[PDB]
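J.: This is the structure I have questions about; it appears just below.
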Amino acid sequence: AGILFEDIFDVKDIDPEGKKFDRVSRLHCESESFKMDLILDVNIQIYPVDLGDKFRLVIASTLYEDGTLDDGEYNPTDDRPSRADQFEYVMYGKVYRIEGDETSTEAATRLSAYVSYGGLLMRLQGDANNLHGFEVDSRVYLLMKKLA
Amino acid sequence: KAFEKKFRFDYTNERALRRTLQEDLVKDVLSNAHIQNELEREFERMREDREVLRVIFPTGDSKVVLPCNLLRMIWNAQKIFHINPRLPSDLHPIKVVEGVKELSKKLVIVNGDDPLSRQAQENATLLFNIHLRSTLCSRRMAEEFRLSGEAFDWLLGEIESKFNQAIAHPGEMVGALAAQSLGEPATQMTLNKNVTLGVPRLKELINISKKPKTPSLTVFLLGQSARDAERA
Amino acid sequence: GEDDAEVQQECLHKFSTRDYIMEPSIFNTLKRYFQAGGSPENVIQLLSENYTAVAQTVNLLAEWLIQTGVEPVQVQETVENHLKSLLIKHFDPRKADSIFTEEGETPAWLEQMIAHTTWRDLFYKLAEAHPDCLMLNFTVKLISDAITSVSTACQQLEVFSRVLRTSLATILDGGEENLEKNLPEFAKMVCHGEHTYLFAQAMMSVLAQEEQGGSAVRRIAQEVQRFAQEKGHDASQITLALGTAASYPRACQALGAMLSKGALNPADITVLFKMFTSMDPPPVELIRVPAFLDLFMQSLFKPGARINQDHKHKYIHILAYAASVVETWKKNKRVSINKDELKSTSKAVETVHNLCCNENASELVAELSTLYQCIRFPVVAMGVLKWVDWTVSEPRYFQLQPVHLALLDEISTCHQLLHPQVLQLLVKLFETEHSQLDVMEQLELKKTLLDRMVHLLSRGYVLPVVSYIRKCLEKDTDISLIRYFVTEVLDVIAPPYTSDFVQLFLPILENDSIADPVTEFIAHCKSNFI
Amino acid sequence: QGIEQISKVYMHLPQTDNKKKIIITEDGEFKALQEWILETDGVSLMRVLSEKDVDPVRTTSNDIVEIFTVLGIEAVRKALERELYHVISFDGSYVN
Amino acid sequence: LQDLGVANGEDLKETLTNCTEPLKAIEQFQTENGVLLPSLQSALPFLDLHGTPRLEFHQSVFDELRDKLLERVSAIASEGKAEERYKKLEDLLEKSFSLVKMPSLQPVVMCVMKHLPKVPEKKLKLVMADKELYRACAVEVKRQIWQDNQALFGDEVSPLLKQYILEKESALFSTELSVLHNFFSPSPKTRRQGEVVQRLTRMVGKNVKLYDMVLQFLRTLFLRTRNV
Amino acid sequence: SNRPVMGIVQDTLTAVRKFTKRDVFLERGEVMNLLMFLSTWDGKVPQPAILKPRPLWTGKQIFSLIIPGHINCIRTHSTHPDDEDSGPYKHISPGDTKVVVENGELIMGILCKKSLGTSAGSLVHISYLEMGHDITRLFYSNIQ
Amino acid sequence: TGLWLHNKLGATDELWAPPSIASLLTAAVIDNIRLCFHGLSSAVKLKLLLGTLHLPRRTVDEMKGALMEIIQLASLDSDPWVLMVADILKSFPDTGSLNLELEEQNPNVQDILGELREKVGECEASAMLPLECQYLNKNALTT
């Protein structure tokens, strides 16, 4: 299957630095479980969001719950089962940076992964143990569903 | 202090080598002092190059022009070979030093082997070799670039090929080329204590005038007057 | 299989090393070599033949260095530092914890180490590197009981309390003059941790209740809380709980919200205004938070004014209440409230507010007498000072043949307490670089700034001003400006003088030899002030 | 008083780091100090170089034939290169 | 070691062999043969407590203090009075001449004699006689010896002269026919960078009598060998 | 002056500046119609940036394709704030004002004259110096 | 809840309680601390107890029984910082008033009393002035 990360997050700010793009907003979110800071640019036009919304977030390698890849090829006719059917807002991108608070003599405790989804940026900071599933220059799927 | 911090490769602190290098290479470098001496020679000659650049560039400006971009080529090697800098690498520092020396031999501007020819060969590629040694010191190679051995060999070959392609081809009419490339900016020039500028100033330069329009001296002081307005 | 053969070979390897007889674990290794099936005679050769007496060699060499006349103390510190580096790179905190576990009081060698200061420095460094070591924690606790890193200083209440005692004793000893250079080293520690900040602020509030100079401790608490504020912290609610804010619920609500957001709002100002206009106010000491007054200065005197003309009188009323309304107390019983000066103070503040917010203002020459009579109120002078700071500090202010600097002259003339503030502005304006001003125009501007500095110096603030002048000399600025400054100082000076005045003013007076008040001062100070 | 052919000279500090006096402190870092430079309306370089408290290293002119008379041919080459670089870089344009 | 009443390995053997109390004797040896500063004695049991041998501490400070001795003789080389200099140097010389036989204290004597223009004759004689000492002594001793021993000076110039004649014969018979290069092409400075002449100038220093010895050697060689 | 002599011009440059904005989203049919004009297209439609609630591509996803081969470049958009690097946003731009192309793929930023114009260090310069004049010709034509 | 609070406050460098602590300390969680208060580390206990000062006064009043209970649990703990923050906070939830009765059972504060009351008594010559003294008029300043 492969789920590189999973949690539930709560929104705390929509555009704390002001509005810059009138269809996408830079949501700031926090995990009530692990304290992973999240700063994700989400299309608000197609998927409206509000302050204080709770939502399950999953960061996965594939979508087919079998470890089967598709090399980033669009394929609307694939009849295989889809994890993305369990979610509302489904994005695809590539992790492009993994920094940390490591020293020159000891490993990192906190890691910060920066990911791009066609320009829409996801900064996920948090504990290294949760984020060790991330590998730079790897394709990735974001899957979000609000929790009423 | 910062020069030593960023460019002196420390073989004394084991923990950095554990973090950055595979254990076999760490035991190799820590065991025998010969490789340690080689790295110290590298740092010594880089320090000498630093003093040389202080003589050459007293303005303290790092922007220069050179035949090849080494940082982006390192980046291309990283992405071609999918190098993950979050891992301890395998690159032997002495291999880096040896490869840099061999590539320095391979890049030739002045052919022939004699004292005058070798001196001219040193002088021609002096600045580029200094830049290459500063960039491709084993310190930064094993610390931040984290490049692999095969990728490093590819990088050396690519730098060799691109430098050899950058040589000025014989038969080129650099005269007319310089003339046209210097005449073109004159077409867009605003006509301006004050000093004359623009194409009248350019004409006064090239058409050497026994009477300049604004013959001026740029005088500098060195006593207290260098700091003191009153004595100035 | 039996490991006795491998242990035999390891014993042979260790015994064969040079001067291995000096190792103290040798007994066990000898046992490990004898029980397994070795001999007690081969080890005699493995140790003795490879013994060369390098201990004796270094002893003879130490006597050689001593023989040449070199002081043994520096070589002793050298070898001790070598031991320190060896232990630091060798250090293992679990061994230290084992020394703790075998007996809670360490064996008496460590007390002998404590008797010599270099090992105390070693333990400071080791605790800095490794705060999680109970032996080192007890050791630094003992040293405190007898340069603790801030993490290690704050790790124990006992350690932090002792270091805080010494710290604030040093602050009180060094007074206003050394306040600037003792504040950050200790306020970092106090602002390192909510627990540390809370404990220190609680103790400072305990201390400030004493009337024999506890207000100094209250100032130190004020500096520490504003240090927390600029470090991005919640120093508001702790301060409100530290006072009588609980007695007035809506007051503490409004003040906490305003300080958390860091700017005023008319909704809370309405509550505070309606509270204070009523004849049951909270104590005026309660609302005299310097951060709150700084918010008032930042709101009512910035370029603008971004203020409502209907709520304006409420802000000015609260400001004049905080500054001027005098409460009389007797044994924690509010005797009386004195609203005498609130009227005139509010009037002057409203006047100066209109003047600074007009910005059309060319009438400033006309309002100068009113400006000076309003400046006679100190809070008004502070407001004018901050307004002039924001005005002159803006780029491209200088297109005039100045006047605001005369206002700063009046401020320095009236109130001696605001002397450090004006200097802190002027030196800023003395180091700012100007592009569109001509270099000669910049020189004359700096000459005017030094004229204002001389005016400030005339009011008895001589020492820090001359210290900054000597600094920026030795540390940049042109010698001509410094020569001009000393000429202006020697213009109006007359004898007699003080020791510190010559200590600060004489050593600057030798780097130049250009001009008779000068030689008169040289003769006077040389004869009288060695 | 003063050297002939120089009817006016202006004193000022440089506002760009290129003209500021760049030294190397003990740290091995570049420090650009503000130093009083003078700009003249005429050229008698041999005369001004002989004057006391005139730095005979950085002092220079914008005239070319002066440098040919007093300094030498390679100095003329370098000064010509610097003048062309200045007048080309004046508008921000760059040439190899 | 025993010249200055210092206990050597033979003392250790006669205290070890024929002794039924190795533990007591070894403990008293380790205590009494420590470094004579009180502050270390508080730390030596702690120094050893980790299993760290005191060996490494001994070796490090051995290197450091011997280097400082070399630095201080280099400093006193041109400090103050020549009388004070040579007095202290002769004192250290006679002291460490007991330890010149040691492999680690011989460089101290080498440096001390390197800083002495003239030395007592017995020390020179031992340096010359013991081949290991002569091969391990600096030329500063050898100049004085040659100033009183022309035989070894001849013995030293002889192989250098042999090599010089070998290279002369090879260069005069260097098989390469060209107008540009020949035996007479090299400049005088090019021929004066030979190791033989530089070594001879170092071996003479600035003494006239050594120069006269080289002169007479050259007379003998040119005459008897008939070689210019 | 060791730079490209030509670049991207008036309508194309304004259009690409608007195109590489963060909030450009394109339907399926629009993306397919645009991929027709890409001469150097491999023929494989890449996976969209968003799949649910509807498959949408960003403009920068399309612009990654026209960028040839594998090149890397870092530029600053002409309206890049001069304090973003000093803040905690050095690699995640609030305004999408830091052009980062990696492995021949655009991942963040907005393009303008200081990243596609004639200036030295521009993207077309590196595209030349790596991928050769032919591939840079195709790059120019595909862009326009 | 204990592992949860450790995850949400176990950063040993965030010695100031981080912002949004008012949100982390809802009434249910407040009742859940005392079930496993002593199971947490010392710094976690510190940050958790200190977060009560950030809460609104109403919310401080609502669960003040649980706050007083947890403060007593801190008063009987082993860590010295936990003990003294408990000693200060023992009077806090009931009124918002800090407990300035720390002289008891404390050699440290008793030494503060001795040394620093002596110092304050001797340092009463040109005793320096608070910040707000600059704003005061002549009558209030003399008072």
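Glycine gets a Cβ as well: all are built from the backbone with ideal geometry, and neighbour counts include every protein chain shown. No value in this document is a laboratory result; all are computed from the given coordinates.
J.: (1) over 19 Å from A:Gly118 (Cα atoms); (2) of a type outside the set (A, V, I, L, M); (3) surrounded by fewer than 19 Cβ atoms within 10 Å (Cβ to Cβ); (4) touching a strand residue (DSSP E or B) at 6+ places or on another chain (Cβ under 8 Å): which one isn't true of F:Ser122, the others all being true?
T.: Exception for F:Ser122: condition (3).
J.: Here's something else I'd like to know. Are any residues in segment F:63-76 over 17 Å from F:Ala120 (Cβ atoms) and out of contact with any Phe, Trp or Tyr (no Cβ under 8 Å at 6 or more places or on another chain), and if so, which ones? Steps first, answer last, please.
T.: In the first step, residues of segment F:63-76 are kept if they are over 17 Å from F:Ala120 (Cβ atoms); the result is F:63-70.
Once the filter is applied, which keeps residues that are over 17 Å from F:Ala120 (Cβ atoms) and out of contact with any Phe, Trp or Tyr (no Cβ under 8 Å at 6 or more places or on another chain), segment F:63-76 yields F:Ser64, F:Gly69, F:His70.
J.: Shifting gears a bit: Would it be correct to say that C:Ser513 is surrounded by fewer than 18 Cβ atoms within 10 Å (Cβ to Cβ) and either touching an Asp or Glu at 6+ places or on another chain (Cβ under 8 Å) or part of a helix (DSSP H, G or I) (or both)?
T.: Working: surrounded by fewer than 18 Cβ atoms within 10 Å (Cβ to Cβ): yes; either touching an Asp or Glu at 6+ places or on another chain (Cβ under 8 Å) or part of a helix (DSSP H, G or I) (or both): no.
Answer is no for this residue.
J.: Taking segment C:184-217, which residues are assigned to a helix (DSSP H, G or I), over 15 Å from C:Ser167 (Cα atoms) and at the interface with chain G (Cβ under 8 Å from one of its Cβ atoms)? Outline the logic, then answer.
T.: First, pick out the residues of segment C:184-217 that are assigned to a helix (DSSP H, G or I): C:184-190, C:194-208, C:214-217.
If we keep only those that are over 15 Å from C:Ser167 (Cα atoms) as well, we get C:194-195, C:198, C:202, C:205-206, C:208, C:214-215.
Passing the criteria: C:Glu194, C:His195, C:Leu198, C:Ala202, C:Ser205, C:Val206, C:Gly214, C:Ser215.
J.: State all residues of segment F:127-144 that are of a type in the set (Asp, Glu) and either closer than 18 Å to F:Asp42 by Cα or surrounded by fewer than 17 Cβ atoms within 10 Å (Cβ to Cβ) (or both); if no residue qualifies, say none.
T.: Here is the first cut: in segment F:127-144, the residues of a type in the set (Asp, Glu) are F:130, F:134.
F:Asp134 - this is the single residue of segment F:127-144 that is of a type in the set (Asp, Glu) and either closer than 18 Å to F:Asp42 by Cα or surrounded by fewer than 17 Cβ atoms within 10 Å (Cβ to Cβ) (or both).
J.: In this structure, does E:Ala82 turn out to be touching a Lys or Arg at 6+ places or on another chain (Cβ under 8 Å), more than 11 Å from chain C (Cβ to nearest Cβ) and of a type in the set (A, V, I, L, M)?
T.: no
J.: Restricting attention to segment A:83-100, which residues are part of a loop (DSSP other than H, G, I, E, B) and either in contact with a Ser or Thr (Cβ under 6 Å, 6 or more places away or on another chain) or surrounded by 15 or more Cβ atoms within 10 Å (Cβ to Cβ) (or both)?
T.: Scanning segment A:83-100 gives a single hit, A:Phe87.
J.: Which residues, counting only those in segment D:53-79, are among the hydrophobic types (A, V, I, L, M, F, W, C), at the interface with another protein chain (Cβ under 7 Å from one of its Cβ atoms) and outside any loop (DSSP other than H, G, I, E, B)? Give the steps one after another, and end with the answer.
T.: Initially, segment D:53-79 is screened for residues among the hydrophobic types (A, V, I, L, M, F, W, C), giving D:54, D:57, D:64-65, D:67-68, D:70-71, D:73, D:75-76, D:79.
Among the residues that remain, those that are also at the interface with another protein chain (Cβ under 7 Å from one of its Cβ atoms) are: D:54, D:64-65.
Result: D:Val65, single match.
J.: Only one of G:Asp87, G:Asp61, G:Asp77 is in a helix (DSSP H, G or I) and either surrounded by fewer than 20 Cβ atoms within 10 Å (Cβ to Cβ) or within 8 Å of chain C (Cβ to nearest Cβ) (or both); which? Walk me through it before giving the result.
T.: On the way: G:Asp87 fails: either surrounded by fewer than 20 Cβ atoms within 10 Å (Cβ to Cβ) or within 8 Å of chain C (Cβ to nearest Cβ) (or both); G:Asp77 fails: in a helix (DSSP H, G or I).
Being in a helix (DSSP H, G or I) and either surrounded by fewer than 20 Cβ atoms within 10 Å (Cβ to Cβ) or within 8 Å of chain C (Cβ to nearest Cβ) (or both) holds for just one of G:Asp87, G:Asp61, G:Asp77, which is G:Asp61.
J.: Right, here's the next one. Are there any pairs with C-beta distances below 7 angstrom linking a residue in segment G:97-121 that is part of a loop (DSSP other than H, G, I, E, B) to a residue that is hydroxyl-bearing (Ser, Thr, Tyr), with the two at least 6 apart or on different chains, and if so which?
T.: That search, which allows pairs on different chains as well, returns G:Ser97/G:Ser91; G:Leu98/G:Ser91; G:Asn99/G:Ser91; G:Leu100/C:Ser205.
Per-residue answers, yes or no, for (1) among the aliphatic types (A, V, I, L, M); (2) surrounded by fewer than 16 Cβ atoms within 10 Å (Cβ to Cβ):
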| position | (1), (2) |
| --- | --- |
| C:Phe91 | no, no |
| C:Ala108 | yes, yes |
| C:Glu111 | no, yes |
| C:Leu126 | yes, no |
| C:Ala153 | yes, no |
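J.: Output the number of residues of segment E:53-85 satisfying the condition of being crowded, with 17+ Cβ neighbours inside 10 Å and either in a loop (DSSP other than H, G, I, E, B) or out of contact with any helix residue (DSSP H, G or I) (no Cβ under 9 Å at 6 or more places or on another chain) (or both).
T.: Within segment E:53-85, residues that are crowded, with 17+ Cβ neighbours inside 10 Å and either in a loop (DSSP other than H, G, I, E, B) or out of contact with any helix residue (DSSP H, G or I) (no Cβ under 9 Å at 6 or more places or on another chain) (or both) number 1.
J.: May I pose another question? Listed residues C:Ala348, C:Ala322; which is in contact with a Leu (Cβ under 9 Å, 6 or more places away or on another chain) and within 14 Å of chain G (Cβ to nearest Cβ)?
T.: On the way: C:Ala348 fails: in contact with a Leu (Cβ under 9 Å, 6 or more places away or on another chain).
Going through C:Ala348, C:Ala322 in turn, just one is in contact with a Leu (Cβ under 9 Å, 6 or more places away or on another chain) and within 14 Å of chain G (Cβ to nearest Cβ): C:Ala322.
J.: While we're here: Listed residues G:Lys45, G:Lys8; which is crowded, with 18+ Cβ neighbours inside 10 Å, of a type in the set (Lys, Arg) and closer than 17 Å to C:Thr196 by Cα? Explain how you work it out, then say what you get.
T.: Values: G:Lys8 fails: closer than 17 Å to C:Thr196 by Cα.
Result of the check over G:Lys45, G:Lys8: G:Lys45.
J.: Restricting attention to segment A:101-148, which residues are among the hydrophobic types (A, V, I, L, M, F, W, C) and assigned to a strand (DSSP E or B)?
T.: Narrowing segment A:101-148 to residues among the hydrophobic types (A, V, I, L, M, F, W, C): A:107-108, A:111, A:113, A:115, A:120-122, A:124, A:128, A:131, A:134, A:136, A:140, A:142-144, A:147-148.
Of everything in segment A:101-148, those that are among the hydrophobic types (A, V, I, L, M, F, W, C) and assigned to a strand (DSSP E or B) turn out to be A:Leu111, A:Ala113, A:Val115, A:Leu120, A:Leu121, A:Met122, A:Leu124, A:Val140, A:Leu142, A:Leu143, A:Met144.
J.: So, of the residues in segment B:167-204 that are more than 8 Å from chain D (Cβ to nearest Cβ), over 35 Å from the mean Cα position of the chain (by Cα) and part of a loop (DSSP other than H, G, I, E, B), which turns out to be nearest to D:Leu38 (Cα to Cα)?
T.: B:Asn194
J.: A further question on this structure: Being buried (at least 18 other Cβ atoms within 10 Å of the Cβ) and within 9 Å of another protein chain (Cβ to nearest Cβ) is the filter here, so list the residues in segment C:14-50 that pass it.
T.: Result: C:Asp19, C:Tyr20, C:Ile21, C:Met22, C:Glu23.
J.: Kindly indicate whether any position in segment C:336-357 is surrounded by 17 or more Cβ atoms within 10 Å (Cβ to Cβ), touching a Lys or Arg at 6+ places or on another chain (Cβ under 9 Å) and in a strand (DSSP E or B).
T.: no
J.: Out of all the residues in segment A:26-39, is one or more out of contact with any strand residue (DSSP E or B) (no Cβ under 6 Å at 6 or more places or on another chain) and within 12 Å of chain F (Cβ to nearest Cβ)?
T.: no
J.: Would you tally the residues in segment F:1-17 being in contact with a helix residue (DSSP H, G or I) (Cβ under 8 Å, 6 or more places away or on another chain), assigned to a helix (DSSP H, G or I) and not polar (S, T, N, Q)?
T.: Going through segment F:1-17 one residue at a time, the tally reaches 2.
J.: Could I ask something else about it? Do you know which residues across segment B:137-177 are of a type in the set (D, E, K, R) and under 21 Å from B:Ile80 (Cα atoms)?
T.: B:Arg140, B:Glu143, B:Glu144, B:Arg146, B:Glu150, B:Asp153, B:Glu158, B:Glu160, B:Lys162
J.: Does A:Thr77 count as farther than 30 Å from G:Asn7 by Cβ, of a type outside the set (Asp, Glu) and more than 7 Å from every other protein chain (Cβ to nearest Cβ)?
T.: Details: farther than 30 Å from G:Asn7 by Cβ: yes; of a type outside the set (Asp, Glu): yes; more than 7 Å from every other protein chain (Cβ to nearest Cβ): yes.
So A:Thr77 passes the test.
J.: Can you confirm whether segment C:17-37 contains a residue that is among the aromatic types (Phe, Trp, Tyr), under 20 Å from E:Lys13 (Cβ atoms) and in a loop (DSSP other than H, G, I, E, B)? First the steps, then the outcome.
T.: Pass one, segment C:17-37, residues among the aromatic types (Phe, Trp, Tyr): C:20, C:27, C:33-34.
Narrowing further to those that are under 20 Å from E:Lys13 (Cβ atoms): C:20.
Those left that are additionally in a loop (DSSP other than H, G, I, E, B): none.
Checking segment C:17-37: not a single residue is among the aromatic types (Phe, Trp, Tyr), under 20 Å from E:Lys13 (Cβ atoms) and in a loop (DSSP other than H, G, I, E, B).
J.: Moving on to the next point. Just checking, which of E:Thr220, E:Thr190 is farther than 29 Å from E:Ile145 by Cα and in a helix (DSSP H, G or I)?
T.: Numbers: E:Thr220 fails: farther than 29 Å from E:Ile145 by Cα.
After applying the criteria, what remains is E:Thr190.
J.: Mind counting the residues in segment C:409-454 that are within 27 Å of the chain's Cα centre (by Cα), in a helix (DSSP H, G or I) and either surrounded by 18 or more Cβ atoms within 10 Å (Cβ to Cβ) or away from chain D (no Cβ under 13 Å) (or both)?
T.: 15
J.: Which members of segment E:12-37 meet the condition of being more than 10 Å from every other protein chain (Cβ to nearest Cβ) and either outside any helix (DSSP H, G or I) or not β-branched (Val, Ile, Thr) (or both)?
T.: E:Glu14, E:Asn18, E:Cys19, E:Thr20, E:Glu21, E:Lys24, E:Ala25, E:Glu27, E:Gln28, E:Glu32
Residue-wise test of (1) touching a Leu at 6+ places or on another chain (Cβ under 6 Å); (2) surrounded by 12 or more Cβ atoms within 10 Å (Cβ to Cβ); (3) under 22 Å from B:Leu202 (Cβ atoms); (4) of a type outside the set (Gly, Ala, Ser).
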position: B:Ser148; (1), (2), (3), (4): no, yes, no, no
position: B:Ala151; (1), (2), (3), (4): no, yes, no, no
position: B:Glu158; (1), (2), (3), (4): no, yes, no, yes
position: B:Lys162; (1), (2), (3), (4): no, yes, no, yes
position: B:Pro170; (1), (2), (3), (4): no, no, no, yes
position: B:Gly175; (1), (2), (3), (4): no, no, yes, no
position: B:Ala179; (1), (2), (3), (4): no, no, yes, no
position: B:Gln188; (1), (2), (3), (4): no, no, yes, yes
